[PDB]
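Participant: Please find one structure pasted underneath; my questions will follow.
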DNA sequence: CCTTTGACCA
DNA sequence: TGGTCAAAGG
Ligand SMILES: [Zn+2]
């Protein structure tokens, strides 16, 4: 788990067509905060990863 | 503390 | 067929 500045707890594991790859759902945890993050790969580029942030953090940016 | 995996209900 | 939690280990 790459630490970019937050705490995330991996959750779930499903595969999607059109992009033969398994998706992952990361959920940030914090005493009073809870945000979700999605990570997907690019069919034509297994090295390229996508990150989507849904929500907001109410506990400053950690290490 | 923190994560990998199998099943529900319509 | 989609989207999520829950039991256990170093
Ligand atoms: Zn947060």
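Residue numbers (the deposited numbering): 407 to 469.
Beta carbons are placed, not taken as given, at the ideal position from N, Cα and C, and that holds for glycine.
#1: Give me the residue from 445, 465, 464, 449 with the minimum Cα distance to residue 407.
#2: Using CA coordinates, which residue listed in 441, 458, 451 is at the minimum distance from residue 467?
#3: Spatial neighbours of residue 436 within its chain, please: CB distance less than 6 Å, with the 5 preceding and 5 following residues excluded, ordered by chain position.
#4: Going by CA-CA distance only, name the one from 469, 429, 449, 439 that's closest to residue 416.
#5: Is residue 432 near ligand 1, in the sense that its beta carbon is under 7 Å from a heavy atom of that ligand?
Facilitator: Looking at the atomic coordinates:
#1: Ranked by how close their Cα comes to the Cα of residue 407, the residues 445, 465, 464, 449 have 445 in first place.
#2: Of the listed residues, the one whose Cα sits closest to residue 467 is 441.
#3: Hits under 6 Å: 465.
#4: When each option's Cα is compared against that of residue 416, the closest is 429.
#5: No - ligand 1 has no heavy atom lying nearer than 7 Å to the Cβ of residue 432.
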